[PDB]
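Below sits a lone chain in structure tokens, taken as the form deposited in one PDB entry.
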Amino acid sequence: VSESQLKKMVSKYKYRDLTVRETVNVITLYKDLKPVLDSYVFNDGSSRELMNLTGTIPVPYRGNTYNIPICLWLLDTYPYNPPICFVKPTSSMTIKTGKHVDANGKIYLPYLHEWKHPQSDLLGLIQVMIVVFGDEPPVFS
């Protein structure tokens, strides 16, 4: 919440402004998404404080709207690099591994494989996630 607090959690980001703006443009359309500062321990064990967007996104399916929970991670430099998406399934959700989701929850979409920064953004990434998830549900009660 607040734009000031947002510019504080991303003070160690090479491209603050950009990130911020983009973030503001995201939470703006998807209020179900809120920024948070947490430590991301890579597989190598290393750790780093990055800002991710935790929450849920609306994905209409069979006339029903499912609020699939995701967690986008931004690296000190997410203005040119693709965020680390993840499907955080609840105790009442079962990951349906497919072409855009594995057993760990990792998300796979052409938008990430071909990420640039001049045309690629969070908003665009989220919108594309709703379109793909709409045709292919990564989870099922």
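Note that residue numbering follows the sequence shown and begins at 1.
Although not depicted, the form solved in complex with a partner chain is the subject of the following passage.
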{"property": "15, 75 and 77 each touching the partner chain in the deposited bound form (heavy atom, 4.5 Å)", "result": "no"}
{"property": "4.5 Å heavy atom contact, residue 108 to the partner chain in the deposited bound form", "result": "no"}
{"property": "Residue contact check: residue 93 to the partner chain in the deposited bound form, 4.5 Å heavy atom", "result": "yes"}
{"property": "Any non-hydrogen atom of residue 56 within 4.5 angstroms of the partner chain in the deposited bound form", "result": "yes"}
{"property": "Partner contact for residue 69 in the deposited bound form: the partner chain, 4.5 angstroms, heavy atom", "result": "yes"}
